[PDB]
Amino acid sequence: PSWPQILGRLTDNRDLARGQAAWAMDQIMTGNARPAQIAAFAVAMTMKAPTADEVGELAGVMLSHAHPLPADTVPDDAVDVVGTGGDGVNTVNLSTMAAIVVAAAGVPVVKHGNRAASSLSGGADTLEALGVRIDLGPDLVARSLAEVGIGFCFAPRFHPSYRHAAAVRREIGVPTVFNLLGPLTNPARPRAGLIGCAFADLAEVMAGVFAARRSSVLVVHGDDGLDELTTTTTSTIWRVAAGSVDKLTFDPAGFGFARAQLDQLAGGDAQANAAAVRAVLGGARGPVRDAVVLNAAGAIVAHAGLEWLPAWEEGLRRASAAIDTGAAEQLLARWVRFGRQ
């Protein structure tokens, strides 16, 4: 195998042979790839139209190189709540707020996260601002999960060999297939999740990767462009269960949610988004809460997939009570306290 062989095949608009995508990604992760080669591969893989098999090979190499958590430290029903980012809408941190609520409802959460790429404050940035430690290693994340009910895996910390690739990506700016890999490479390997995809035409491929792993996942894309379940309009959901994918459209109005305007979900810097978290967890009613409760419920539905309508109802009930009882506010405080010890 070689770069001229693989790049040539891609520029011929042909799918790769089995193992070729993995070879390429392994060359990239081990530092044996030139930036020009990394870039050529990223762009070519994107314009050919990647397959689930191919993207799965990429994610697989990353996970084969990632720092794992210790054995028997991640509950079999742990869930992730994370998105690709890149929706260019710059919102409050919906996945992170949902994650907290979900944990507070008693679903174990091992969250994969990262700083912002284009937004003002990403999940990792806002958690930082809240006083939550984002620098924890495998053992401490494992302890966080057991002691608090939530663990945060900071992507750069668990995927050190990915730096070469990430660098090239910033240099070229355009989204590529690599923009899918974040959600697909949680190092704790949870089997369930609510997974945001900003790219409507690649979400199905992402779902395909999760199906192959037999995860219970909702891959979500808001029809307004959000890599979240949105409240401003309908969302597209690729529901992954029993190794199968099926495309659905979801309308929150069916569950009594009023439509919101995108500006109502708008975020700011880390201090502002941190304030927004506290407000929701503090019981503030409004569009931000509604969006949080919806995405939380979605994660719980994914967890249950390990009955659609009853599952959503139960999820909305549980997510709302987790906030109203103070359990979610208390969990964030305990999470902060955990790191300070």
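Note that residue numbering follows the sequence shown and begins at 1.
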{"property": "Sequence continuity check, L306 and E307 (deposited residues unmodelled)", "result": "4 to 9"}
{"property": "Mean Cα B-factor comparison, 210-218 or 264-272, giving the higher one as deposited", "result": "264-272"}
{"property": "1-9 versus 330-338 - greater average Cα B-factor per the deposited record", "result": "1-9"}
{"property": "Selection from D246, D77, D80, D251 [criterion: highest C-alpha temperature factor in the record]", "result": "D246"}
{"property": "Peak C-alpha temperature factor (PDB record), options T126, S235, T232, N186", "result": "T232"}
{"property": "Ranked against its chain, the third holding the CA B-factor of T176", "result": "lowest"}
{"property": "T96, C-alpha B-factor rank within chain (lowest, middle or highest third)", "result": "lowest"}
{"property": "Ranked against its chain, the third holding the CA B-factor of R115", "result": "middle"}
{"property": "Third of the chain's Cα B-factor distribution that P138 belongs to, per the entry", "result": "highest"}
{"property": "Ranked against its chain, the third holding the CA B-factor of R169", "result": "highest"}
